[PDB]
Amino acid sequence: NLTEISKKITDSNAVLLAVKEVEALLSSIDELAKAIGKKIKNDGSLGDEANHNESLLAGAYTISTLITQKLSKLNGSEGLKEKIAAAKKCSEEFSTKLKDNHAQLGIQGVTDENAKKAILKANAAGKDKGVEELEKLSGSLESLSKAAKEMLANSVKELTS
Amino acid sequence: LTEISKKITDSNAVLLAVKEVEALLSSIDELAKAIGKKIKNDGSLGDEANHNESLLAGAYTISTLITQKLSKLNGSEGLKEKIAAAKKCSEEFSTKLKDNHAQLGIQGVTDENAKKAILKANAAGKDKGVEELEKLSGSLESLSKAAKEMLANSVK
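If you read the sequences in order, they're chains D and Z. As numbered in my numbering, residues 78 to 238 make up the first sequence, in order. As numbered in my numbering, residues 11 to 166 make up the second sequence, in order.
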């Protein structure tokens, strides 16, 4: 029956698209981390302008709460409920850790070093102001993403049996 | 059924890249709301004006991620031209940001100039990047409709 398969595909694709939106929000924070202590140069490269990171981190913070918000609305019956919940828990822990470090992350003149302990994956100087939570959230959304992609693959495969 | 199987497969992948590019644009909208702001103990944003240079560098590096995602999107006939158009718009957006480095790449980037670069519908003007951002957003909307329409005609 082609109709049953047609709905299976559209529903699997819709869940994948919803998950990939959250993972792209996460990937944008990785892009923000590249800009810590940087300014745009005339030639398109980045140059140093150190320790003015507060509004960059403020942007990273509201993206992180947008991640939690979008994950809170995903409740289908497909079977990803436990992977979704694990990602939402990680997203809350990341936002709470940022907010909890406002004395270094929410002042005029936030330093490069403190910003990197918040959003730079694999930061060498430490991970105590958000990075550990960011890495876990990243892995949690990536697991979910691969899982929803494999569901879409198996639904599209049913077209030919 | 053969025709439809390809159209589903080709439209899904384009939809995938587009929705992830649109999420990157939503991240730039969050950056725009954070202009001149800092984090507070309760999660709200408080005012701390005119230090937007790394925020703008962050928007800029996102804009190059958008272009790279669009440049490797290698789609089917009937979507290829809308892909190429979106790629061109994303390039014009990054170019306009860098061309305005005299206001956007200095120590102490002002709230006013940051808003003319990344805040959609900024009241004082759109002359440092917003016009290109609005055009890129419209170009992605055209592409999204065309690819989602192929999936619909495919469910026939």
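Even for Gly, the Cβ is constructed at its ideal location relative to N, Cα and C.
| said: DSSP three-state label for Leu123 of chain D, please. | reply: Counting from 1 along the first sequence, the entry for residue 123 of chain D is found at position 46. The answer is strand: DSSP assigns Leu123 of chain D an E or B state.
| query | If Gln113 of chain Z and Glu126 of chain D are in contact, beta carbons under 8 angstroms, what's the gap, nearest whole angstrom? | reply | By one-based count along the second sequence, residue 113 of chain Z stands at place 103. By one-based count along the first sequence, residue 126 of chain D stands at place 49. For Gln113 of chain Z against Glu126 of chain D, the beta-carbon gap comes to about 14 angstroms, at or over 8 angstroms, which does not count as contact.
| From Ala94 of chain Z to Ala23 of chain Z, what does the alpha carbon distance come to, in whole angstroms? | Residue mapping note: residue 94 of chain Z aligns to position 84 of the second sequence, counting from 1. Residue mapping note: residue 23 of chain Z aligns to position 13 of the second sequence, counting from 1. Looking at the two C-alpha atoms, the distance is approximately 15 angstroms.
| task | Under 6 angstroms Cβ to Cβ from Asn178 of chain D, same chain only, skipping five residues before and after it: list those, please. | result | Within the first sequence, the letter at position 101 stands for residue 178 of chain D. Correct list, in chain order: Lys206.
| said: Is there a C-beta anywhere in chain Z that falls below 8 angstroms from the one on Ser105 of chain D? | reply: As a first step, residue 105 of chain D must be located in the first sequence, where it is residue number 28. Chain Z, which has a Cβ nearer than 8 angstroms to the Cβ of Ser105 of chain D, makes this yes.
| task | Below 7 angstroms CB to CB, which residues in the same chain sit around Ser105 of chain D once its five sequence neighbours on both sides are set aside? | result | One-based indexing of the first sequence puts residue 105 of chain D at position 28. Hits under 7 angstroms: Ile140.
| query | So, is the C-beta of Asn22 of chain Z closer than 8 angstroms to a C-beta in chain D? | reply | Sequence index remark: in the second sequence, residue 22 of chain Z carries index 12 (1-based). It does: the Cβ of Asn22 of chain Z has a partner Cβ on chain D nearer than 8 angstroms.
| task | Would you mind stating whether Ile113 of chain D and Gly115 of chain Z have Cβ atoms separated by less than 8 angstroms? | result | By one-based count along the first sequence, residue 113 of chain D stands at place 36. By one-based count along the second sequence, residue 115 of chain Z stands at place 105. Pairing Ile113 of chain D with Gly115 of chain Z gives a Cβ-Cβ distance that is not under 8 angstroms.
| task | Just tell me which of Z:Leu80, Z:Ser154, Z:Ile128 and Z:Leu34 has its CA closest to the CA of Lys43 of chain Z. | result | By 1-based counting over the second sequence, the position of residue 43 of chain Z is 33. Here the closest residue by C-alpha is Z:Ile128.
| said: With H, G and I counted as helix, E and B as strand and the rest as coil, what does DSSP make of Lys47 of chain Z? | reply: The residue you call residue 47 of chain Z lines up with position 37 of the second sequence. Correct three-state label for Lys47 of chain Z: strand.
| request: Within the same chain, show all residues whose beta-carbon is closer than 6 angstroms to that of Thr142 of chain D, passing over the 5 residues directly before and after it, in chain order. | output: Numbered from its first residue, the first sequence carries residue 142 of chain D at position 65. Same-chain partners within the cutoff: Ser172.
| message | Run through chain D and tell me which residues come within less than 7 angstroms of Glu63 of chain Z, C-beta to C-beta. | response | As a position in the second sequence, residue 63 of chain Z is number 53, starting the count at 1. In chain order: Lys116, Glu126 and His129.
| said: Please state the DSSP three-state secondary structure of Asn163 of chain Z. | reply: Here residue 163 of chain Z is taken as the residue at index 153 of the second sequence, counted from 1. Note: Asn163 of chain Z maps to helix in three-state DSSP.
| request: Starting from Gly136 of chain D, follow the alpha helix (DSSP H) in both directions and report where the run begins and ends. | output: Here residue 136 of chain D refers to the residue found at position 59 when the first sequence is read from its first residue. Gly136 of chain D -> alpha helix (DSSP H) spans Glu131 to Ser149.
| field | DSSP three-state assignment for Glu87 of chain Z, whether helix, strand or coil | value | Here residue 87 of chain Z is taken as the residue at index 77 of the second sequence, counted from 1. Coil.
| message | Can you list, in chain order, the residues of its chain with a C-beta nearer than 6 angstroms to that of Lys106 of chain Z? Leave out the 5 residues immediately preceding and following it. | response | Working through the second sequence from its first residue, we reach residue 106 of chain Z at position 96. Result list for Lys106 of chain Z: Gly139 and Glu142, in chain order.
| message | Please list the terminal residues of the continuous alpha helix (DSSP H) segment that includes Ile196 of chain D. | response | Within the first sequence, the letter at position 119 stands for residue 196 of chain D. Note, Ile196 of chain D: alpha helix (DSSP H), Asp189 to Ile196.
| request: On a CA-only basis, which of D:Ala225, D:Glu159, D:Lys85 and D:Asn200 is nearest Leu26 of chain Z? Give me that one, please. | output: Against the second sequence, residue 26 of chain Z aligns to sequence position 16. Residue D:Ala225 is the option with its Cα nearest to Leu26 of chain Z.
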